[PDB]
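Colleague: Dropping the structure in here first, questions after.
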Amino acid sequence: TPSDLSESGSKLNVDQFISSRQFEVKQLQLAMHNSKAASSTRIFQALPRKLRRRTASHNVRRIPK
Amino acid sequence: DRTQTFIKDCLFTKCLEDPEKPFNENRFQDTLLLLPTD
Amino acid sequence: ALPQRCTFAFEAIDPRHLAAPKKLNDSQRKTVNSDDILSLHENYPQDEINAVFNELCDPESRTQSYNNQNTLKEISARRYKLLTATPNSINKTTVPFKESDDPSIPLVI
Amino acid sequence: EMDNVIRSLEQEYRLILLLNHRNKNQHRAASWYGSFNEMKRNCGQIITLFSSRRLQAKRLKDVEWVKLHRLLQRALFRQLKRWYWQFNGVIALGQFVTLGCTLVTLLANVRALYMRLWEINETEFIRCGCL
Amino acid sequence: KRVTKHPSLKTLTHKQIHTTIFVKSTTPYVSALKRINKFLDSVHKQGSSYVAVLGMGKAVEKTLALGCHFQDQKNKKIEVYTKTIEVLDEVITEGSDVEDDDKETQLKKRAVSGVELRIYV
Amino acid sequence: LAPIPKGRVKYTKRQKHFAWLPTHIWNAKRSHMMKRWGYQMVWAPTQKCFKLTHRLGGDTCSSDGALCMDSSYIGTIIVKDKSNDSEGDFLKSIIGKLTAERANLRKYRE
Amino acid sequence: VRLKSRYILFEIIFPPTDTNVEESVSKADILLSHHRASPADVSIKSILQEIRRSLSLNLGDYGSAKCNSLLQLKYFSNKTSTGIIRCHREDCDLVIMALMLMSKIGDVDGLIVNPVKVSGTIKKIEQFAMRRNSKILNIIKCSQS
RNA sequence: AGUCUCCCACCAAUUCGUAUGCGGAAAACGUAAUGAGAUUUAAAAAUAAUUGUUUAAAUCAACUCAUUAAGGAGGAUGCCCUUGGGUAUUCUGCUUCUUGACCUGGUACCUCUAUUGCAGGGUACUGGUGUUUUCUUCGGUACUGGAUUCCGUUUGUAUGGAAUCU
């Protein structure tokens with residue numbers, strides 16, 4: 001399994017997560033792009049600043065006193 | 001651990017414009033924690 | 001390009017009734033000439049538009065419009081139960097209109 | 001045959017739920033997060049369908065095929081491409097890539113089991129009442 | 001007699017409007033050149049082939065001037081087409097001191113000749 | 001004069017002077033708010049849209065989009081004649097007195 | 001508070017200094033006879049050394065010391081004779097005057113250094129270079145007729 | 001500028017359904033009246049962010065914490081004023097009403113699985129702290145770029161179904 005247990009919690013390893021699933025990623029990329037899969041350029045465009053958002057905190061919230 | 005690194009390099013050369021930067025500026029985390037913050 | 005007189009009023013379905021904003025039929029886009037705009041000034045359904053206006057002015061029909069205002073949970077349950085319909089050949093994500101258990105909403109444009 | 005695909009799918013659903021519970025507060029306002037939520041809900045629906053098929057002790061239900069074919073045509077053909085495009089755009093942005101790659105791989109893996117069960121029970125679909 | 005003229009029906013889908021310059025009678029020459037160059041550069045990323053240049057009435061002369069400029073200056077293929085444009089005119093019909101703006105209206109069609117000018121890359 | 005409606009006691013207690021549009025929370029989370037004339041309207045969205053409104057809503061041709069304005073603050077009166085089962089000979093004079101006789105014409109009536 | 005840089009674009013033009021051969025008078029003919037080519041003995045450290053020598057000989061000691069702190073040749077190739085030199089915004093005029101006062105190479109004689117575009121960014125410099133290269137092809141295509 | 005916080009999709013509600021000093025969509029946000037406090041304290045020092053000094057420690061000024069729910073009516077007191085009216089404080093007291101902490105068991109009625117005992121869901125009522133020790137995110141729905149083509153339709157819905165490429 002690509003994930004492991006620890007004393008703290010349950011952690012995920014990216015390495016095996018993508019290494020075990022390589023042929024599936026290849027099939028997905030060939031299903032999305034058929035003629036540009038053999039090429040190597042920049043296909044995906046940058047996110048527009050209008051759609052860009054900001055990151056919040058990891059805590060829940062703070063109650064009033 | 002050469003092959004999966006090369007594959008994700010080929011993966012970044014599609015989205016990003018300079019694929020070799022996230023590894024040098026240490027932007028590809030090998031581990032990501034999944035636990036409610038205490 | 002349109003003339004001054006252009007007022008279209010009717011009774012529309014609830015906006016939450018729709019799942020996605022599906023676009024209307026676009027196949028007669030090329031065959032749009034001035035004859036249609038010329039005939040628009042002649043052809044005009046005064047009766048139905050006046051009925052909708054009188055329904056919006058009168059406070060009894062305006063209150064009856066709030067007869068059965070379904071909740072988001074009810075609309076989600078209807079969308080979930082339409083997943084199993086009698087025609088088992090086409091996927092429908094919307095929900096049909098009912099002549100009894102549905103509110104008629106009047107619009108003015 | 002179905003047991004392996006169902007086990008793999010629900011096992012990856014575990015990771016879907018875990019990563020969602022982890023990254024909720026960080027990116028509540030995002031488009032890739034919304035696509036992730038929709039995909040998680042669809043996967044939960046399909047998995048609970050297959051579980052209802054399983055604990056019945058024998059694999060037969062008629063509404064099950066209908067609603068599974070309903071969800072199959074939604075998950076495979078339409079929702080897939082926008083999901084992939086957003087998942088690759090959020091990683092091309094450069095802000096958060098280490099989980100974007102995992103998201104892409106997770107979509108790639110959840111698509112394969114879907115098409116696998118599709119091609120497995122297409123014969124059942126053409127057998128029962130349609131196609 | 002008082003009579004006003006509205007513009008002509010324009011039905012553009014999403015991209016026929018983008019790669020198309022409508023040359024007015026008051027549009028300057030250099031601004032037209034600049035916008036035509038911008039359109040020519042942005043076409044193949046919009047996904048088209050040519051740039052439409054539409055003008056009718058008084059602007060036809062300078063539209064043909066813009067065309068023959070890029071014809072030999074940049075050596076780019078040009079295509080000229082002669083079309084008819086129907087315009088609706090709102091006139092007052094005879095049939096109290098009232099403003100002439102608020103009066104009975106009648107629509108009348110009028111046909112005019114126009115030139116469409118496509119420029120290749 | 002019709003009073004404030006009954007929404008949420010918490011939010012209804014906040015205003016107490018200036019009424020709220022049915023999209024108050026939405027716009028307040030999107031645009032800036034202000035209170036001028038017994039009401040609370042929007043001023044301008046957070047993102048700058050000087051050149052955006054020009055190319056979208058203006059008289060330009062290159063308009064691929066739409067702009068939505070919350071015009072619920074505009075108050076309206078519906079006036080009807082109950083004195084008779086006939087034409088509005090009373091509303092004729094009422095409108096001719098209120099507005100110029102531009103309004104009281106054959107065009108806007110027919 | 002912020003390091004302000006400014007790049008200078010320069011070109012090497014060879015005038016047809018030959019009185020025994022008559023020349024054709026037009027646009028593209030003189031453009032081709034002025035943009036013929038650069039000699040083989042052309043490099044980045046050979047042009048930087050020459051411009052440093054010229055700057056030290058014309059301005060002086062402090063005049064060369066103040067400009068030689070951030071004086072580098074970023075991009076240059078001998079195929080078209082277009083180079084981009086980096087310098088500061090304070091000594092940019094001094095670098096332009098040094099480019100103007102460039103007499104000759106140690107082995108190659110009879111050449112002119114022409115500064116074309118100067119700006120504080122490399123993207124606009126590349127854009128202007130592409131625009132100039134596109135403009136050059138127009139007169140060529142017109143004269144080939 | 002700054003390792004600070006928050007908005008930038010909704011949710012008659014497992015979704016902070018929060019009428020709680022005032023304003024505010026929120027804010028680890030502004031300000032108002034009173035009382036007290038100094039490692040002997042609720043908490044700052046000489047065993048989340050920020051700042052070179054980094055609140056106070058005769059009085060003032062500054063920081064922290066602890067109370068004061070919105071509107072209408074009656075009485076008393078103080079001021080201009082002495083028919084009367086206006087403002088401020090204090091006591092009695094009414095109006096402001098969406099059959100909702102969560103969860104377990106029993107009873108009563110209806111529907112599906114195509115006879116029943118039984119199996120699951122919903123609603124109305126009663127009883128109880130019931131191992132709600134994961135005291136930090138765990139609910140539902142939503143294809144938001146553009147182009148074109150095929151098919152059915154006054155027997156029913158006046159519009160719906162699906163396909164290719166970027």
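Identifiers in the structure tokens: chain A, B, ... in order shown; residue index from 1 per chain; ligand index from 1 in order shown.
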Excluding residue 21 (chain F) and residues on its chain fewer than 3 positions from it, collect all residues at most 9 Å away from it, counting only C-alpha atoms (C1' of nucleotides), and give them as a VMD selection string.
Modeller: chain F and resid 24 to 25 39 to 41 70 72 to 73
Colleague: Env of region 61-76 of chain C: 12 Å cut, atoms = only C-alpha atoms (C1' of nucleotides), seq-sep filter 6 positions within chain, self excluded. Answer as a PDB file with N, CA and C atoms (P, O5', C5', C4', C3', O3' and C1' of nucleotides), in the first residue's frame.
Modeller:
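Written out: around-v8.pdb:
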```
ATOM      1  N   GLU C  11     -44.634  32.796 -17.426  1.00  0.00           N
ATOM      2  CA  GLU C  11     -44.504  32.090 -16.154  1.00  0.00           C
ATOM      3  C   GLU C  11     -43.350  31.105 -16.283  1.00  0.00           C
ATOM      4  N   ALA C  12     -42.297  31.323 -15.503  1.00  0.00           N
ATOM      5  CA  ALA C  12     -41.089  30.517 -15.585  1.00  0.00           C
ATOM      6  C   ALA C  12     -41.033  29.500 -14.452  1.00  0.00           C
ATOM      7  N   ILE C  13     -40.152  28.516 -14.623  1.00  0.00           N
ATOM      8  CA  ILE C  13     -39.949  27.467 -13.632  1.00  0.00           C
ATOM      9  C   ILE C  13     -38.959  27.978 -12.594  1.00  0.00           C
ATOM     10  N   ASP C  14     -38.916  27.322 -11.440  1.00  0.00           N
ATOM     11  CA  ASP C  14     -37.991  27.697 -10.380  1.00  0.00           C
ATOM     12  C   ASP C  14     -36.551  27.661 -10.890  1.00  0.00           C
ATOM     13  N   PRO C  15     -35.708  28.627 -10.514  1.00  0.00           N
ATOM     14  CA  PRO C  15     -34.307  28.581 -10.963  1.00  0.00           C
ATOM     15  C   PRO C  15     -33.524  27.415 -10.383  1.00  0.00           C
ATOM     16  N   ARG C  16     -33.844  26.982  -9.160  1.00  0.00           N
ATOM     17  CA  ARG C  16     -33.148  25.839  -8.575  1.00  0.00           C
ATOM     18  C   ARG C  16     -33.599  24.529  -9.208  1.00  0.00           C
ATOM     19  N   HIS C  17     -34.678  24.565  -9.992  1.00  0.00           N
ATOM     20  CA  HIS C  17     -35.142  23.376 -10.701  1.00  0.00           C
ATOM     21  C   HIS C  17     -34.071  22.858 -11.655  1.00  0.00           C
ATOM     22  N   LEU C  18     -33.340  23.768 -12.296  1.00  0.00           N
ATOM     23  CA  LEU C  18     -32.300  23.370 -13.234  1.00  0.00           C
ATOM     24  C   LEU C  18     -31.024  22.985 -12.496  1.00  0.00           C
ATOM     25  N   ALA C  19     -30.320  21.990 -13.033  1.00  0.00           N
ATOM     26  CA  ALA C  19     -29.039  21.574 -12.474  1.00  0.00           C
ATOM     27  C   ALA C  19     -27.910  22.415 -13.055  1.00  0.00           C
ATOM     28  N   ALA C  51     -51.961  39.034 -18.688  1.00  0.00           N
ATOM     29  CA  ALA C  51     -52.338  38.136 -17.602  1.00  0.00           C
ATOM     30  C   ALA C  51     -51.204  37.981 -16.596  1.00  0.00           C
ATOM     31  N   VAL C  52     -49.967  37.853 -17.082  1.00  0.00           N
ATOM     32  CA  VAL C  52     -48.823  37.751 -16.179  1.00  0.00           C
ATOM     33  C   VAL C  52     -48.646  39.046 -15.390  1.00  0.00           C
ATOM     34  N   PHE C  53     -48.843  40.193 -16.046  1.00  0.00           N
ATOM     35  CA  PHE C  53     -48.740  41.471 -15.347  1.00  0.00           C
ATOM     36  C   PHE C  53     -49.801  41.591 -14.259  1.00  0.00           C
ATOM     37  N   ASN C  54     -51.040  41.196 -14.565  1.00  0.00           N
ATOM     38  CA  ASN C  54     -52.101  41.246 -13.566  1.00  0.00           C
ATOM     39  C   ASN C  54     -51.852  40.260 -12.432  1.00  0.00           C
ATOM     40  N   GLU C  55     -51.236  39.113 -12.732  1.00  0.00           N
ATOM     41  CA  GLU C  55     -50.879  38.170 -11.679  1.00  0.00           C
ATOM     42  C   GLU C  55     -49.803  38.746 -10.769  1.00  0.00           C
ATOM     43  N   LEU C  82     -35.018  10.493  -9.731  1.00  0.00           N
ATOM     44  CA  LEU C  82     -35.086  10.440 -11.185  1.00  0.00           C
ATOM     45  C   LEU C  82     -33.941   9.632 -11.786  1.00  0.00           C
ATOM     46  N   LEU C  83     -32.919   9.308 -10.988  1.00  0.00           N
ATOM     47  CA  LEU C  83     -31.841   8.444 -11.454  1.00  0.00           C
ATOM     48  C   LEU C  83     -32.382   7.100 -11.924  1.00  0.00           C
ATOM     49  N   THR C  93     -30.315  14.779 -15.891  1.00  0.00           N
ATOM     50  CA  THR C  93     -29.816  15.380 -14.662  1.00  0.00           C
ATOM     51  C   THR C  93     -30.774  16.436 -14.115  1.00  0.00           C
ATOM     52  N   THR C  94     -31.707  16.904 -14.934  1.00  0.00           N
ATOM     53  CA  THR C  94     -32.705  17.880 -14.528  1.00  0.00           C
ATOM     54  C   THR C  94     -33.861  17.166 -13.833  1.00  0.00           C
ATOM     55  N   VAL C  95     -34.933  17.912 -13.587  1.00  0.00           N
ATOM     56  CA  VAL C  95     -36.131  17.363 -12.957  1.00  0.00           C
ATOM     57  C   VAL C  95     -37.360  17.877 -13.699  1.00  0.00           C
ATOM     58  N   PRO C  96     -38.366  17.033 -13.942  1.00  0.00           N
ATOM     59  CA  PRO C  96     -39.542  17.481 -14.702  1.00  0.00           C
ATOM     60  C   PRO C  96     -40.423  18.443 -13.923  1.00  0.00           C
ATOM     61  N   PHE C  97     -41.272  19.179 -14.634  1.00  0.00           N
ATOM     62  CA  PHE C  97     -42.219  20.092 -14.013  1.00  0.00           C
ATOM     63  C   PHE C  97     -43.537  19.375 -13.732  1.00  0.00           C
ATOM     64  N   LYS C  98     -44.212  19.813 -12.672  1.00  0.00           N
ATOM     65  CA  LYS C  98     -45.478  19.229 -12.253  1.00  0.00           C
ATOM     66  C   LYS C  98     -46.566  20.292 -12.269  1.00  0.00           C
ATOM     67  N   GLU C  99     -47.760  19.908 -12.719  1.00  0.00           N
ATOM     68  CA  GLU C  99     -48.901  20.813 -12.757  1.00  0.00           C
ATOM     69  C   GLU C  99     -49.596  20.943 -11.409  1.00  0.00           C
ATOM     70  N   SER C 100     -49.258  20.095 -10.439  1.00  0.00           N
ATOM     71  CA  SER C 100     -49.869  20.153  -9.117  1.00  0.00           C
ATOM     72  C   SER C 100     -48.866  20.539  -8.039  1.00  0.00           C
ATOM     73  N   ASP C 101     -47.766  19.806  -7.910  1.00  0.00           N
ATOM     74  CA  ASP C 101     -46.782  20.049  -6.854  1.00  0.00           C
ATOM     75  C   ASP C 101     -45.586  20.830  -7.398  1.00  0.00           C
ATOM     76  N   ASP C 102     -45.849  22.062  -7.837  1.00  0.00           N
ATOM     77  CA  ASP C 102     -44.799  22.946  -8.326  1.00  0.00           C
ATOM     78  C   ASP C 102     -45.327  24.370  -8.344  1.00  0.00           C
ATOM     79  N   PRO C 103     -44.504  25.353  -7.973  1.00  0.00           N
ATOM     80  CA  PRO C 103     -44.952  26.750  -8.007  1.00  0.00           C
ATOM     81  C   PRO C 103     -44.695  27.423  -9.348  1.00  0.00           C
ATOM     82  N   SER C 104     -45.701  28.117  -9.878  1.00  0.00           N
ATOM     83  CA  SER C 104     -45.530  28.880 -11.109  1.00  0.00           C
ATOM     84  C   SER C 104     -45.027  30.283 -10.790  1.00  0.00           C
ATOM     85  N   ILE C 105     -43.876  30.652 -11.343  1.00  0.00           N
ATOM     86  CA  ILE C 105     -43.239  31.927 -11.022  1.00  0.00           C
ATOM     87  C   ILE C 105     -43.358  32.882 -12.206  1.00  0.00           C
ATOM     88  N   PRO C 106     -43.972  34.055 -12.026  1.00  0.00           N
ATOM     89  CA  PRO C 106     -44.087  35.008 -13.137  1.00  0.00           C
ATOM     90  C   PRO C 106     -42.878  35.924 -13.261  1.00  0.00           C
ATOM     91  N   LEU C 107     -42.401  36.120 -14.487  1.00  0.00           N
ATOM     92  CA  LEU C 107     -41.273  36.989 -14.786  1.00  0.00           C
ATOM     93  C   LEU C 107     -41.735  38.149 -15.659  1.00  0.00           C
TER      94      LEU C 107
ATOM     95  P     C H  10     -21.611  31.398  -0.882  1.00  0.00           P
ATOM     96  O5'   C H  10     -22.927  30.502  -0.961  1.00  0.00           O
ATOM     97  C5'   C H  10     -24.070  30.944  -1.679  1.00  0.00           C
ATOM     98  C4'   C H  10     -25.048  29.819  -1.916  1.00  0.00           C
ATOM     99  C3'   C H  10     -25.692  29.216  -0.677  1.00  0.00           C
ATOM    100  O3'   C H  10     -26.791  29.975  -0.201  1.00  0.00           O
ATOM    101  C1'   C H  10     -24.926  27.484  -2.093  1.00  0.00           C
ATOM    102  P     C H  11     -27.099  30.066   1.375  1.00  0.00           P
ATOM    103  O5'   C H  11     -27.600  28.603   1.763  1.00  0.00           O
ATOM    104  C5'   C H  11     -28.833  28.094   1.273  1.00  0.00           C
ATOM    105  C4'   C H  11     -28.925  26.600   1.459  1.00  0.00           C
ATOM    106  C3'   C H  11     -28.898  26.103   2.898  1.00  0.00           C
ATOM    107  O3'   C H  11     -30.154  26.182   3.558  1.00  0.00           O
ATOM    108  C1'   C H  11     -27.368  24.847   1.606  1.00  0.00           C
ATOM    109  P     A H  12     -31.538  25.968   2.762  1.00  0.00           P
ATOM    110  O5'   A H  12     -32.572  25.560   3.904  1.00  0.00           O
ATOM    111  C5'   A H  12     -33.016  26.510   4.867  1.00  0.00           C
ATOM    112  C4'   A H  12     -33.603  25.837   6.084  1.00  0.00           C
ATOM    113  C3'   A H  12     -34.690  24.804   5.794  1.00  0.00           C
ATOM    114  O3'   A H  12     -34.644  23.784   6.791  1.00  0.00           O
ATOM    115  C1'   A H  12     -35.590  26.533   7.117  1.00  0.00           C
ATOM    116  P     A H  13     -34.598  22.235   6.367  1.00  0.00           P
ATOM    117  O5'   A H  13     -33.091  21.801   6.647  1.00  0.00           O
ATOM    118  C5'   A H  13     -32.579  21.734   7.974  1.00  0.00           C
ATOM    119  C4'   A H  13     -31.070  21.692   7.984  1.00  0.00           C
ATOM    120  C3'   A H  13     -30.432  21.347   9.328  1.00  0.00           C
ATOM    121  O3'   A H  13     -29.232  20.608   9.105  1.00  0.00           O
ATOM    122  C1'   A H  13     -29.700  23.484   8.634  1.00  0.00           C
ATOM    123  P     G H 139     -17.978  14.926   5.248  1.00  0.00           P
ATOM    124  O5'   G H 139     -19.536  14.853   4.926  1.00  0.00           O
ATOM    125  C5'   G H 139     -20.393  13.963   5.625  1.00  0.00           C
ATOM    126  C4'   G H 139     -21.836  14.381   5.490  1.00  0.00           C
ATOM    127  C3'   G H 139     -22.259  14.842   4.103  1.00  0.00           C
ATOM    128  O3'   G H 139     -22.573  13.764   3.239  1.00  0.00           O
ATOM    129  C1'   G H 139     -23.016  16.397   5.716  1.00  0.00           C
ATOM    130  P     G H 140     -21.937  13.691   1.764  1.00  0.00           P
ATOM    131  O5'   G H 140     -23.070  14.298   0.824  1.00  0.00           O
ATOM    132  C5'   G H 140     -24.386  13.765   0.821  1.00  0.00           C
ATOM    133  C4'   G H 140     -25.379  14.767   0.289  1.00  0.00           C
ATOM    134  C3'   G H 140     -25.109  15.277  -1.119  1.00  0.00           C
ATOM    135  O3'   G H 140     -25.653  14.415  -2.105  1.00  0.00           O
ATOM    136  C1'   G H 140     -25.556  17.105   0.333  1.00  0.00           C
ATOM    137  P     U H 141     -24.886  14.163  -3.492  1.00  0.00           P
ATOM    138  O5'   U H 141     -25.213  15.460  -4.358  1.00  0.00           O
ATOM    139  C5'   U H 141     -26.522  15.686  -4.858  1.00  0.00           C
ATOM    140  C4'   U H 141     -26.637  17.032  -5.531  1.00  0.00           C
ATOM    141  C3'   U H 141     -25.578  17.351  -6.574  1.00  0.00           C
ATOM    142  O3'   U H 141     -25.847  16.761  -7.833  1.00  0.00           O
ATOM    143  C1'   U H 141     -25.853  19.204  -5.132  1.00  0.00           C
ATOM    144  P     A H 142     -24.647  16.447  -8.854  1.00  0.00           P
ATOM    145  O5'   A H 142     -24.263  17.874  -9.451  1.00  0.00           O
ATOM    146  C5'   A H 142     -25.208  18.633 -10.191  1.00  0.00           C
ATOM    147  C4'   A H 142     -24.746  20.055 -10.385  1.00  0.00           C
ATOM    148  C3'   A H 142     -23.371  20.227 -11.012  1.00  0.00           C
ATOM    149  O3'   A H 142     -23.387  20.094 -12.422  1.00  0.00           O
ATOM    150  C1'   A H 142     -23.546  21.623  -9.118  1.00  0.00           C
TER     151        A H 142
END
```
Colleague: Leaving out residue 4 (chain F) and any residue of its chain fewer than 5 positions from it, which residues lie within 12 Å of it when counting only C-alpha atoms (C1' of nucleotides), given as a PyMOL selection string?
Modeller: chain F and resi 9+11-13+15-22+38-39
Colleague: Enumerate the residues of chain F with a DSSP assignment of strand (DSSP E), computed from the backbone, and present them as a PyMOL selection string.
Modeller: chain F and resi 31-35+40-45
Colleague: Would you pick out the contacts of residue 111 (chain H) at 12 Å or less, using only C-alpha atoms (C1' of nucleotides), so that residues sharing its chain but fewer than 2 positions from it are not included, and give the list as a PyMOL selection string?
Modeller: chain H and resi 109+113+120-122
Colleague: For the selection you just gave me, I'd like the residues written to a file as a PDB file, in the first residue's frame, keeping C-alpha atoms (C1' of nucleotides).
Modeller:
```
ATOM      1  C1'   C H 109     -49.864   4.044  11.383  1.00  0.00           C
ATOM      2  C1'   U H 113     -39.147  -6.122  -1.727  1.00  0.00           C
ATOM      3  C1'   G H 120     -35.185  -1.378   5.998  1.00  0.00           C
ATOM      4  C1'   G H 121     -36.957   4.295   5.860  1.00  0.00           C
ATOM      5  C1'   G H 122     -40.209   8.383   7.454  1.00  0.00           C
TER       6        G H 122
END
```
Colleague: Would you compute the distance between CA of residue 77 (chain C) and CA of residue 80 (chain D)? Give it in Å to one decimal.
Modeller: 24.5 Å
Colleague: As a ChimeraX atom specification, please: every residue in chain A that a backbone DSSP assignment puts in helix (DSSP H, G or I).
Modeller: /A:14-20,23-32
Colleague: Give me the residues within 12 Å of residue 122 (chain D) as number ranges by chain, counting only C-alpha atoms (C1' of nucleotides) and dropping any in the same chain fewer than 3 places off.
Modeller: D: 65-66, 68-69, 72, 114-119, 125-131
Colleague: Could you dump the residues just selected with C-alpha atoms as a PDB file, in the first residue's frame?
Modeller:
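Final output, result-v2.pdb:
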```
ATOM      1  CA  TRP D  65     -27.606  -1.840 -13.266  1.00  0.00           C
ATOM      2  CA  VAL D  66     -29.728   1.151 -14.311  1.00  0.00           C
ATOM      3  CA  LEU D  68     -24.762   2.247 -12.268  1.00  0.00           C
ATOM      4  CA  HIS D  69     -25.010   2.827 -16.028  1.00  0.00           C
ATOM      5  CA  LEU D  72     -20.907   5.407 -15.378  1.00  0.00           C
ATOM      6  CA  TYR D 114     -14.268   2.460 -13.639  1.00  0.00           C
ATOM      7  CA  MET D 115     -13.555   1.508 -17.251  1.00  0.00           C
ATOM      8  CA  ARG D 116     -12.578  -1.995 -16.095  1.00  0.00           C
ATOM      9  CA  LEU D 117     -15.941  -2.640 -14.448  1.00  0.00           C
ATOM     10  CA  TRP D 118     -17.541  -0.974 -17.486  1.00  0.00           C
ATOM     11  CA  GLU D 119     -15.972  -3.392 -19.972  1.00  0.00           C
ATOM     12  CA  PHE D 125     -25.897  -4.373 -19.584  1.00  0.00           C
ATOM     13  CA  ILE D 126     -26.678  -5.705 -23.070  1.00  0.00           C
ATOM     14  CA  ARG D 127     -28.095  -8.842 -21.399  1.00  0.00           C
ATOM     15  CA  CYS D 128     -30.686  -7.329 -19.083  1.00  0.00           C
ATOM     16  CA  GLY D 129     -32.855  -4.735 -20.818  1.00  0.00           C
ATOM     17  CA  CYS D 130     -30.932  -2.181 -22.876  1.00  0.00           C
ATOM     18  CA  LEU D 131     -27.931  -1.464 -25.111  1.00  0.00           C
TER      19      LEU D 131
END
```
Colleague: For CA of residue 84 (chain E) and CA of residue 68 (chain E), determine how far apart the two atoms are, in Å to one decimal place.
Modeller: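 Computing it gives 21.7 Å between the two atoms.
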Colleague: For chain A against chain H, which residues fall within 7 Å using only C-alpha atoms (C1' of nucleotides), given as a ChimeraX atom specification?
Modeller: /A:53,59-60
Colleague: Selection from above, C-alpha atoms, as a PDB file, in the first residue's frame, can you write it?
Modeller:
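Listing of again.pdb after writing:
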```pdb
ATOM      1  CA  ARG A  53      -7.853  32.589  -4.470  1.00  0.00           C
ATOM      2  CA  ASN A  59      -7.300  25.638  12.504  1.00  0.00           C
ATOM      3  CA  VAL A  60     -11.076  25.510  12.874  1.00  0.00           C
TER       4      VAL A  60
END
```
Colleague: Just how far from CA of residue 110 (chain E) is CA of residue 29 (chain E), in Å to one decimal?
Modeller: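 Separating CA of residue 29 (chain E) from CA of residue 110 (chain E) is a distance of 28.0 Å.
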Colleague: Within 9 Å of region 2-12 of chain E, which residues of region 53-93 of chain E show up? Give each one with its shortest atom-to-atom distance in Å (one decimal) and the two atoms involved, counting only C-alpha atoms, rows by chain then rising residue number, as CSV.
Modeller:
```
residue,atom,partner,partner_atom,distance
E:85,CA,E:8,CA,7.3
E:86,CA,E:8,CA,6.6
E:87,CA,E:8,CA,4.9
E:88,CA,E:6,CA,6.1
E:89,CA,E:5,CA,4.5
E:90,CA,E:4,CA,5.3
E:91,CA,E:3,CA,4.3
E:92,CA,E:2,CA,6.3
```
Colleague: Hey, can you spit out that residue selection with C-alpha atoms as an mmCIF file, in the first residue's frame?
Modeller:
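Final output, saved to again.cif:
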```cif
data_model
loop_
_atom_site.group_PDB
_atom_site.id
_atom_site.type_symbol
_atom_site.label_atom_id
_atom_site.label_comp_id
_atom_site.auth_asym_id
_atom_site.auth_seq_id
_atom_site.Cartn_x
_atom_site.Cartn_y
_atom_site.Cartn_z
ATOM 1 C CA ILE E 85 -26.670 44.805 -46.176
ATOM 2 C CA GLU E 86 -30.276 45.375 -45.107
ATOM 3 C CA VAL E 87 -30.802 48.162 -42.563
ATOM 4 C CA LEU E 88 -34.015 49.068 -40.741
ATOM 5 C CA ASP E 89 -35.049 52.731 -40.706
ATOM 6 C CA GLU E 90 -37.668 54.114 -38.321
ATOM 7 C CA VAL E 91 -39.825 56.808 -39.931
ATOM 8 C CA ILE E 92 -42.790 58.884 -38.749
#
```
Colleague: Need to verify the contact set: region 12-27 of chain B, 8 Å, only C-alpha atoms (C1' of nucleotides), exclusion of same-chain residues closer than 3 positions in sequence. Can you return it as a count of residues only?
Modeller: 16
Colleague: Counting only C-alpha atoms (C1' of nucleotides), collect the residues of chain D whose closest atom lies at most 7 Å from chain H, and write them out as a ChimeraX atom specification.
Modeller: /D:21-22,24-25,78-79,82
